[PDB]
Amino acid sequence: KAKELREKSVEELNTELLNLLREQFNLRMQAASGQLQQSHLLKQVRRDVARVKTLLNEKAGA
Amino acid sequence: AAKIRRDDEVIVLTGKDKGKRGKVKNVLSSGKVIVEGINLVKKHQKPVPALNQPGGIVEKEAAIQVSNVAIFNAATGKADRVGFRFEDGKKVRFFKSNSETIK
Amino acid sequence: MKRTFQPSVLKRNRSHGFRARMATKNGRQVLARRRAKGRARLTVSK
Amino acid sequence: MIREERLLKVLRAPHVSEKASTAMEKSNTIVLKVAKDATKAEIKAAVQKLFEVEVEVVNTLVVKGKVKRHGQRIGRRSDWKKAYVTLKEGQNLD
Amino acid sequence: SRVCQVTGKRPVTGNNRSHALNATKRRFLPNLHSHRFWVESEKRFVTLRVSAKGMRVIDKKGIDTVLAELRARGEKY
RNA sequence: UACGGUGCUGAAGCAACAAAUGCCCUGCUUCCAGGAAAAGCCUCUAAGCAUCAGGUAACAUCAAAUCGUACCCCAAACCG
RNA sequence: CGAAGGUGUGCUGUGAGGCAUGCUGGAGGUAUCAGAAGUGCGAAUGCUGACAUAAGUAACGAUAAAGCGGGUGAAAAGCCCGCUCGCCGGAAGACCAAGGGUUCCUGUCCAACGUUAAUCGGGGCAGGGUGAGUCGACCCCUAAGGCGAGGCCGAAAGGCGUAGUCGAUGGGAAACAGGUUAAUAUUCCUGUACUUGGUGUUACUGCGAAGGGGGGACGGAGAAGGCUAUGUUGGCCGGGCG
RNA sequence: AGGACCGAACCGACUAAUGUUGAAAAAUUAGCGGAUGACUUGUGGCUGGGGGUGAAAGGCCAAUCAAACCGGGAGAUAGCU
RNA sequence: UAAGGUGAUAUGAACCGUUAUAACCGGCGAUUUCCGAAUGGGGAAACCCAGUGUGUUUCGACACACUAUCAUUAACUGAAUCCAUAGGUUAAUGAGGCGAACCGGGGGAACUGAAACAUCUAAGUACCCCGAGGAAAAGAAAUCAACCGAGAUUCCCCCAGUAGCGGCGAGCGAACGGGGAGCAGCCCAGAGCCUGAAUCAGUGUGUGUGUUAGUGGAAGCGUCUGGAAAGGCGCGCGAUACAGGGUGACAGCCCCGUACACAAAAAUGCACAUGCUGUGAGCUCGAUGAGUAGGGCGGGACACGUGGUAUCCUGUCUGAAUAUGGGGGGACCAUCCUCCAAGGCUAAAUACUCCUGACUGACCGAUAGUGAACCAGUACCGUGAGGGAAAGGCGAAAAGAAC
């Protein structure tokens, strides 16, 4: 995902990060109750937020 | 670097099932493989009410050491050893006898 | 009978606590000895 | 103004219990599990923004983890924060 | 401490040999005296804690060179 | 009614006397052994601020965070 | 086609010992001749572990006390419910600080813990339970005392100490009554309040401290007077006619 | 008014019994002394070992005191068992 | 590098990947809560309380950075008191704390031996403190030797338990000289002549060789006992590989390896070579470390305990010569010999292993070897410093016993 994400602006990365964080919050709330039967999505969204934050620190301030 | 892989047809060299051949089901990280229908054990499977398993004397394959099976060379109808060599800058396996590339 | 151990967390920390040991040279040596020995709980502090 | 991403991290899970259900149906108060370092303002803002409900007041308490015993080894569960969020009159939540 | 500012003398240790050759530990302190020296160059008084030998060196060498040595040695006066 | 408790309704709800070691009392009387400190609070101005800043009165609005709150506590849970 | 080890038997040498073999055991052992020792155990009130003995004996922890019917259960003197009896009641009742840290409440289990049985428990497992502008801590302020910029002193480490800064056990703002949970309540709900700070409109005008003064601000004992918490009696209200 | 009197809480421990592998490594029962003072108690602090503290017994200094406890010199030395 | 993975007890669930951003290993990065030198102030460690500046604000408030102390340097400011100094405020650089042993320095016992004990010994040992480095210290003769000569410092073997020292007791114990490991000599107390000329340190680039992942890597079948063959019995093959480990009993030829031959995009160590910066080389003349050497008094180190005691250091009082001079040659004097102190630097031989990798053992095999083969400095004991255990093996494979 990192290669595809690298050709994006700082504001695009920020809005993508915000969408990912909201998605993560919905997944967490859904997983609290027994509704969520796809446990891998939590780790997936977490690694996506990690990638976006890494790319943000890589681009800005360097 | 592994000589025995998933879809390889192998023949058992030592043990109670010596001579028989079969397909490797899956290779375990401990240096053991499960060959289809060879090392059959009878497990006294206990019933569990959740997941709805009846529980019975099930028969299933048990793991076996990679050191006890050798790759089967269909052409010569005998066991063989695996060697490594590079063809088109891509590492491939070949039978030690007849020195042809393993498909 | 009144036994010798009358507990008090305030007195406990003020007498054998981490800051009390680190205030002086000798306490730091005690801490160094315990770190060399590999103690799980360095001081009396919870 | 507390940041949005911080709001998105304050709420952990809904607390499900008999007392929680009783509070929800009688005093219009939902019992949520929140981050251990969250303030009442952060919890109120997070519920108001993410759930689109009007909050009246937030009451919080810190729950001590129990000391359990896994076989022979003695272990301790993690401490967590619990928040009683009282929604305004007429509001409805899932 | 009992340290001569100029010559660097400090308390040393030794023995008190008796007539029966019994040795008990003792110290030898420097003959320290606080004294105000007239620094003609700066036109002022600088008070140093010096030994008698320190006073003799200040007399022989001159106060200016001694102050230069103190500055080079990082001593404060 | 699950015999655990839950729901609805509800009369009189006054007077006299006794009386504390509690309150007036950080008081009063008396004695020598002559009985903490600092801040909050009220007031006064020095530099400075000159119709600005500030101050006090009313009204409106906002805020009061964080941690403890179970349980034993003259004891089967603390010190032995 | 059974090694070392373990346990019997037979033979052998003057002796420490050796050889063969039945059974158990299930993978190592080692002739001969030399070499090196953590080289031979019954004793050291020897060290560690195991198991006897006294002995199924003493004891089962205040001489405040138990009796019965019903329930659960495989089993009830001890658990639950009901009727009697007894014990504390300036405590053997109720609420806190200190200290402990989930022992609190519910469901479930009796292997180990309870000096007996155990369905019971402060025991095991799982779930639940601690809601604060007003209670307490945090915060503002200091006592004894600690640390202590510079500083003085000291072979070094370091000692004392100024300005400061901590340190409650003392000073400083404000909430009560009723109801509710199995477990929280001056925290939740209902009704009625109060305090301190920002901002914002109007009206009024000398504001300002690291300084000055007041106040906070203080001992022991004794004597009345007025009260209240609280109690007794009468009246009133509901029930009763043994 | 009082280091006054009788007597509870509170502080202490004079006499006897029990207990001495105790309910307790000093306590219980029945008596006893002080009980507005040189009283007693809660919280925090200060005094460190040849040192402290002592209404003074060489008492006490974490069930240890004619020199605490822990580590080190240290496998002290032992013409003794 | 890859056809298998999402660390372990520890299965299960939901998934990723199979020809290359699945997973794993390595290089360089990014993130790195709070406490701890802890560094914005405080503190009962993992907690409480701020100030300044720059941004946002849906005016409720949020985010980021800086703010400890001391040393040195620079600027501004600034008393008593005229100038000034002390003090104050900024900015830059550095230090603080931890760590097993080795090293140098500042202090420094006693038990013990003398068959008691005080001189003496144990011993400059144990211990405490300061400072630094991969080594440290020492170091280029005011050194020995004996009329012949040697040539800095350090360490090893002799000299030698000798000469001596010593209640001449117990004990302590050299040096001269010889054989080795290793070898290196310079600079400042000051000027002229030629001007950057040897060497060293820092920072780049290039080459070689390692280090941090890895690649290829030979050759066995039949039969008997056996649960199982690697064992027995035949017949082969490989070896620069018969080191080792695993595999159903003992495997050169079944697997991982080993001998051998290869490999780095990136970072780094060590030898070189070179660019740049600082630094100076050589010749002539001049100078030769003053409260210092020596001395009186009291100690200490030299094997040397004040003895006839030379030599070195100094707490106290003094005190020269200065190249025509001075020190030493074991009291001291004359002759003779040798050296130039009172100023520094310097690699190698030397000492040690907290840590990493490879190999070895007439070293141990669960009361042994680390206290700890095992979730051990843990449970437990103590207020605390501190003390400190017990506890390993089913089986080849859980096939862990359905009914």
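Here is the naming used below: chain letters follow the sequence lines, and residue numbers restart at 1 for every chain. The figures here come from the full heavy-atom set of this structure, side chains too, leaving out hydrogens, waters and symmetry mates.
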Chemist: May I ask you to classify the sugar pucker of F/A50 as north or south from its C1'-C2'-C3'-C4' sign?
Modeler: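 Because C1'-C2'-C3'-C4' is negative here, the pucker of F/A50 counts as south.
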Chemist: Which nucleotide in the set G/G129, G/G101, I/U318 lies at the smallest distance from any side-chain heavy atom of D/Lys82?
Modeler: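 Out of G/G129, G/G101, I/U318, the nucleotide with an atom closest to D/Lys82's side chain is G/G129.
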Chemist: Quick one: is C/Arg14 getting a side-chain N or O under 4.0 Å of the I/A45 phosphate, OP1 or OP2?
Modeler: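 Indeed not, no polar side-chain atom of C/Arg14 lies that close.
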Chemist: Determine, using a cut-off of under 5.0 Å between side-chain heavy atoms and groove atoms of paired bases, which groove A/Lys43 is in contact with.
Modeler: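 Per the N/O atom test, A/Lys43 is a minor-groove contact.
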Chemist: For I/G60, is chi within 90° of 0 (syn) or not (anti)?
Modeler: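 The base of I/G60 is oriented syn (glycosidic angle within 90° of 0).
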Chemist: Please figure out whether C/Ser15 or C/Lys2 has its closest RNA chain H nucleotide nearer the 5' end.
Modeler: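 It is C/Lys2, whose closest nucleotide lies nearer the 5' terminus.
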Chemist: Considering only G/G154, I/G226, I/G319, which nucleotide approaches the side chain of E/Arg49 most closely?
Modeler: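 Nucleotide nearest to E/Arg49's side chain: G/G154.
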Chemist: Any side-chain N or O of E/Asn16 under 4.0 Å from OP1/OP2 of I/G299?
Modeler: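 Checking E/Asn16 against I/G299: no side-chain N or O falls below 4.0 Å of OP1 or OP2.
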Chemist: Does B/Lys96 put a side-chain nitrogen or oxygen below 4.0 Å from OP1 or OP2 of I/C253?
Modeler: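 So the side-chain polar atoms of B/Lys96 never come under 4.0 Å of the phosphate oxygens OP1 or OP2 of I/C253.
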Chemist: Check this one for me: any side-chain N or O of D/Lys66 less than 4.0 Å away from OP1 or OP2 of G/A126?
Modeler: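 For G/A126, neither OP1 nor OP2 has a side-chain N or O of D/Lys66 closer than 4.0 Å.
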Chemist: With syn defined as a glycosidic torsion within 90 degrees of 0 and anti otherwise, which applies to F/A2?
Modeler: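 Judged by the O4'-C1' to base torsion, F/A2 sits in syn, the angle falling within 90° of 0.
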Chemist: OP1, OP2 of I/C64 versus side-chain N and O of D/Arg3: anything below 4.0 Å?
Modeler: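 No, because none of the side-chain N or O atoms of D/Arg3 sits under 4.0 Å from OP1 or OP2 of I/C64.
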Chemist: Paired with G/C23 by Watson-Crick or G-U wobble geometry, both distances under 3.5 Å: which nucleotide is it?
Modeler: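 WC or wobble partner is G/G6.
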Chemist: Classify every nucleotide of nucleotides 395-403 of chain I by which part a protein heavy atom approaches to under 4.0 Å, writing B for the base, S for the sugar-phosphate alone and - for neither, in 5'-to-3' order.
Modeler: ----SSSBS
Chemist: For I/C317, does either OP1 or OP2 sit under 4.0 Å from a side-chain N or O belonging to E/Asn31?
Modeler: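 The answer is yes; a side-chain N or O of E/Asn31 sits under 4.0 Å from OP1 or OP2.
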Chemist: Strictly under 4.0 angstrom, non-hydrogen atoms only: write out the protein contact profile of nucleotides 14-37 of chain I, one letter per nucleotide from the 5' end, B, S or -.
Modeler: SS---B-B--------SS----SS
Chemist: Between G/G2 and G/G26, how far is it from one P atom to the other, in whole Å?
Modeler: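 G/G2 and G/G26 have their P atoms separated by 16 Å.
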Chemist: For G/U195 versus G/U190, give the span between their P atoms, rounded off to a whole number of Å.
Modeler: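 It comes out at 23 Å once rounded to the nearest Å.
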Chemist: Taking syn as within 90° of 0 and anti otherwise, name the glycosidic form of I/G96.
Modeler: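 Here the answer is syn: the torsion falls within 90° of 0.
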Chemist: Verify whether one side chain among C/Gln6 and C/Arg3 offers a donor that lies under 3.5 Å from an acceptor in the other.
Modeler: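 On atom types as modelled, these side chains do not qualify, holding no pair under 3.5 Å.
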Chemist: Report yes if at least one side-chain N or O of B/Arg81 is closer than 4.0 Å to OP1 or OP2 of I/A218; otherwise report no.
Modeler: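 Checking B/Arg81 against I/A218: no side-chain N or O falls below 4.0 Å of OP1 or OP2.
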Chemist: Quick one: is D/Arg77 getting a side-chain N or O under 4.0 Å of the G/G127 phosphate, OP1 or OP2?
Modeler: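 So the side-chain polar atoms of D/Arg77 do come within 4.0 Å of the phosphate oxygens OP1 or OP2 of G/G127, strictly under.
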Chemist: Can you see if the side chain of E/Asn15 gets near the phosphate of I/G298 - specifically, an N or O under 4.0 Å from OP1 or OP2?
Modeler: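 No, because none of the side-chain N or O atoms of E/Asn15 sits under 4.0 Å from OP1 or OP2 of I/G298.
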Chemist: Roughly, in whole Å, what's the span from NZ in B/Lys18 to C1' in I/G248?
Modeler: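 For the pair B/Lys18 NZ and I/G248 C1', the rounded distance is 12 Å.
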Chemist: Establish, with yes or no, whether the OP1 or OP2 oxygen of F/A64 is under 4.0 angstrom from a side-chain nitrogen or oxygen of D/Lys40.
Modeler: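 Answer no for this pair, as no side-chain N or O of D/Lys40 is under 4.0 Å from OP1 or OP2.
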Chemist: How long is the line joining CZ of B/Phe86 and P of I/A2, in whole Å?
Modeler: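 Spelled out: CZ on B/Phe86 to P on I/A2 is 8 Å.
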Chemist: Starting at CD of B/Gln53 and ending at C1' of I/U11, how long is that distance when rounded to a whole Å?
Modeler: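 So the two atoms are 13 Å apart, to the nearest Å.
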Chemist: With a 4.0 Å cut-off, would you call B/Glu87 and B/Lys90 a salt bridge?
Modeler: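 No salt bridge links B/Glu87 with B/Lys90.
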Chemist: Restricting both atoms to N or O, compile the protein contacts to nucleotides 72-75 of chain I shorter than 3.5 Å, with distance only.
Modeler:
residue	atom	partner	partner atom	Å
I/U72	OP1	E/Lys76	NZ	3.4

Chemist: Let's see if you can work this out: which of F/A65, F/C78, I/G299 has an atom nearest to the side-chain heavy atoms of C/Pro7?
Modeler: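 Of all the options, the side chain of C/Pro7 is nearest to F/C78.
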Chemist: Return the nearest nucleotide to the side chain of C/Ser8; candidates are H/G44, I/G315, I/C254.
Modeler: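 Closest nucleotide among those given: H/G44.
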Chemist: What N/O pairs connect the protein and nucleotides 264-266 of chain I at under 3.5 Å? Give each pair on its own line.
Modeler:
none

Chemist: Could you give me the CA-CA distance, side-chain angles and deciding distance for E/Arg56 and E/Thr7, then say whether side chain to side chain donor-acceptor pair (under 3.5 Å) is met?
Modeler: CA-CA 10 Å; E/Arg56 276 166 55 86; E/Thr7 74; over 6 Å; no
Chemist: Restricting to nitrogen or oxygen on both sides, can you table the protein-nucleotides 185-194 of chain G pairs closer than 3.5 Å?
Modeler:
residue	atom	partner	partner atom	Å
G/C188	OP1	D/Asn59	ND2	3.2

Chemist: I need the CZ-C1' distance between E/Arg10 and I/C130, as an integer number of Å.
Modeler: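 So the two atoms are 11 Å apart, to the nearest Å.
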Chemist: Is there a Watson-Crick or G-U wobble partner for I/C233 with both distances under 3.5 Å, and if so, which one is it?
Modeler: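 Because both required distances fall under 3.5 Å, I/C233 counts as paired with I/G222.
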Chemist: Would you say D/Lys68 reaches G/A126's phosphate, i.e. side-chain N/O to OP1/OP2 under 4.0 Å?
Modeler: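 So the side chain of D/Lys68 is within the cut-off, an N or O lying under 4.0 Å from OP1 or OP2 of G/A126.
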Chemist: Is any side-chain nitrogen or oxygen of D/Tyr84 closer than 4.0 Å to OP1 or OP2 of G/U184?
Modeler: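 For G/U184, OP1/OP2 do not have a side-chain N/O of D/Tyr84 under 4.0 Å.
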Chemist: Compare the minimum distances between each of I/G300, I/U316, I/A3 and the side chain of E/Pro30, then state the nucleotide with the smallest one.
Modeler: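 That would be I/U316.
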Chemist: With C1' as the reference atom in both, quote the distance from I/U360 to I/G388 in angstrom, rounded to an integer.
Modeler: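 These two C1' atoms come out 36 Å apart once rounded.
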Chemist: Starting at CD1 of B/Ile4 and ending at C1' of I/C255, how long is that distance when rounded to a whole Å?
Modeler: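 Roughly 8 Å, once rounded to whole Å.
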Chemist: Does I/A30 pair with G/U30 as Watson-Crick or G-U wobble, both distances under 3.5 angstrom?
Modeler: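 No.
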Chemist: I'd like to compare against my own output: the B/S/- annotation of nucleotides 381-390 of chain I with a strict under-4.0 Å heavy-atom distance to protein.
Modeler: --BSSBBB--
Chemist: Measure CG/A/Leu36 against P/I/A13 and give the value in whole Å, please.
Modeler: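 Checked: the CG to P distance equals 16 Å.
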Chemist: Reckon B/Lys3 has a side-chain N or O less than 4.0 Å from the OP1 or OP2 of I/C255?
Modeler: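 Checking B/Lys3 against I/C255: at least one side-chain N or O falls below 4.0 Å of OP1 or OP2.
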Chemist: For I/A249, does the glycosidic angle fall within 90° of 0 (syn) or outside that (anti)?
Modeler: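 Because its glycosidic torsion lies within 90° of 0, I/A249 adopts the syn conformation.
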Chemist: Return yes if a side-chain donor-acceptor contact under 3.5 Å exists between C/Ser45 and C/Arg21, otherwise no.
Modeler: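 No.
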Chemist: Do the side-chain N or O atoms of E/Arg2 get closer than 4.0 angstrom to the phosphate oxygens (OP1, OP2) of G/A155?
Modeler: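 Affirmative; the distance criterion is met.
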